[PDB]
Amino acid sequence: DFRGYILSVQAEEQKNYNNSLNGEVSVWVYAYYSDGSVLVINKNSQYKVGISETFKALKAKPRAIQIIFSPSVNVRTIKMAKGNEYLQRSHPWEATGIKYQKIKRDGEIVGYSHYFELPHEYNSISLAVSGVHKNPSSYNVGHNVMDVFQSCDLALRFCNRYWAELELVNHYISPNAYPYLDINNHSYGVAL
Amino acid sequence: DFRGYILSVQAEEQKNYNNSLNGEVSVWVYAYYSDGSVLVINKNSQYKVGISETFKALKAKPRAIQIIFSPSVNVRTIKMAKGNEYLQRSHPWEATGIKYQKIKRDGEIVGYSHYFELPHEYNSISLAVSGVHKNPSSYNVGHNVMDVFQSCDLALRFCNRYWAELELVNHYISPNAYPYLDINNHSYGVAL
Amino acid sequence: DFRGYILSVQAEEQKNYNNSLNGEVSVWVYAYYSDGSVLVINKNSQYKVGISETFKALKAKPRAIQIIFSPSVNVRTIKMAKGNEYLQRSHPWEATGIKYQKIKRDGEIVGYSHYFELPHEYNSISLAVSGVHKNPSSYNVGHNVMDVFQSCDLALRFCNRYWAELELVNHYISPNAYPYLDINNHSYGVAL
């Protein structure tokens, strides 16, 4: 019965494509609001990827954040900036890769997660996060620098709001086979 | 009568400036909606140029797209990404330069056009397109890389909606001397 | 009494950090509207920084602009583009550093200011401005080019509207220790 053997090699080809510099890097930012709704920003790009957004009061204030990267990211390149400290005394970013948890399904890394809560004394947060593809060629930009400039133009961004997390998991996470970690610490994703 | 000879050289100077790395690259994306209205995004920049936008239902759904580049683009560098296929199996872009038509006026290339229709089964499209200036120095980024970084900041974007294509051609295309191809396959533009 | 001597060295450390390539570059664009209100866009980033925005009629039309950079900028790298001249004959930017005034407090440069008025015959302006950190290493991008690509993702942008300039100075400029120059030519800022 050959049907099985071919399916196995075609998954190995997919992992090798995704780990090449033609594989995407994906990031998601989930903002958890006080009315129980969830706002998600997703950006997908080649070479590197980032999000920079302002999360303010809606129709309800944001209370926590979860940032998730695809497994192609180099966790050590992850950087995050946040604010709304005087400018004279500010650092440009922090390297937060050590705070990311591995999301696993069937013992396979499907993503990396950084969850943190926001102080109650706030109703707004401005936030930016950035990560680079883990391929060993990433810091060897001779591929051409202009290819990376084009990737900045071709990055696609998606933004959606859901009424509760259960709706997010059932109609956004599960049908799209995305990695996730919900309020009850249940893992989602599809191992290759 | 000298008035004529000078006018001719000053057009040759303009073409040579536009074909130098100080010439702009321009892109337009036209989205044709079901109520007959047209939405246009224009971006102009040095070295390279791109647009990334989401075209969703209005007050009416988008039905086709036309992408137009200025003649300074290198058609072989054009890349386009599109979506809303699972992420595990996605390619970052397609090279679509071969699908672009030359727009001509008086036998002179005034622009390059890619028109495609959208499936009826959709009411949204997310789309990004990118192109690089054709000057032979484009892939020789030693000009400095920081100059190209500044160009990303200085790119100007314009967005307008028109009630019908005739209004677009009469009050946007014709008075601004832009290249275009309308529903009846008529060409617009001004030869240098 | 040692309390004084330590405070002095810690200011010298701050200036040296800000003048290193880990110091931020900051830009502000103030748009002064006909009803006396003020719109401000602020962007802060590492290596280089820019803003590109469209200032159109509100609820009232914009009448003048003030652009302010932090002292870390190289004034000679400042570039500005502006419009809404035919595209065939356009330049990509002008170098406007010579038009910037030094803002000083206690004989110390706290910022650089370019103020200009808009023609009465307009109700809109599209505008982009860009500047590079003055550290001598800025044009030596071997730090890696990918670090500069990440900085583009991590830049944070802030946008606020105020009813009159007095409210801007009292609740935005003064409490945040920002450099400024008001309608009566009074200087604001905090010397290090």
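Chain naming here is simple, since letters A, B, ... match the order of the sequence lines and numbering starts at 1 in each.
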Worked verdict on C/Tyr180 versus C/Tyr30 for ring-ring contact (aromatic ring centres under 6.0 Å, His included): CA-CA 10 Å; C/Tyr180 192 64; C/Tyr30 298 90; 4.9 Å; yes
Reported CG-to-CG distance for the pair A/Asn16 and A/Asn22, which is rounded to 0.5 angstrom: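 If I round to the nearest 0.5 Å, the distance is 13.0 Å.
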CG-CG distance between C/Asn135 and C/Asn74, expressed to the nearest 0.5 angstrom: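 CG of C/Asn74 is found 10.5 Å from CG of C/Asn135.
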Note: C/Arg157-C/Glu53 ion pair, threshold 4.0 Å (strictly below):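 Salt bridge present between C/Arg157 and C/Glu53.
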Test of ring centre spacing under 6.0 Å for C/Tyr17 and A/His91: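 Yes, ring centres under 6.0 Å apart.
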Decide yes or no for [X] and [Y]: does some side-chain heavy atom of the first lie under 4.5 Å from some side-chain heavy atom of the second?
{"X": "C/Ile78", "Y": "C/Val73", "value": "yes"}
{"X": "B/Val25", "Y": "B/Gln46", "value": "no"}
{"X": "C/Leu168", "Y": "C/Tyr178", "value": "no"}
{"X": "A/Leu156", "Y": "B/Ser52", "value": "yes"}
{"X": "A/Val110", "Y": "A/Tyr188", "value": "no"}
{"X": "C/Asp147", "Y": "C/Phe149", "value": "no"}
{"X": "C/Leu39", "Y": "C/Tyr162", "value": "no"}

Full working for ring-ring contact (aromatic ring centres under 6.0 Å, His included) between C/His133 and C/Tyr47: CA-CA 5 Å; C/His133 191 289; C/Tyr47 305 115; 8.5 Å; no
Minimal non-hydrogen separation, [X] against [Y], with atom names:
{"X": "C/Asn170", "Y": "C/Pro175", "value": "O-CD, 3.2 Å"}
{"X": "A/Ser37", "Y": "A/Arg161", "value": "OG-NH2, 3.1 Å"}
{"X": "A/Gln150", "Y": "B/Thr77", "value": "OE1-O, 3.1 Å"}
{"X": "B/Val49", "Y": "B/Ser45", "value": "CG2-CB, 3.8 Å"}

Side-chain donor-acceptor contact under 3.5 Å, A/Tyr112 with A/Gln101: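 Not at all, the side chains of A/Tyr112 and A/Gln101 share no donor-acceptor pair under 3.5 Å.
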Positive for side chain to side chain contact (heavy atoms under 4.5 Å, CB included) with A/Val27, one of A/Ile68, A/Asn42, A/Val129: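 Only one of A/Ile68, A/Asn42, A/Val129 forms a side chain to side chain contact (heavy atoms under 4.5 Å, CB included) with A/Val27, namely A/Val129.
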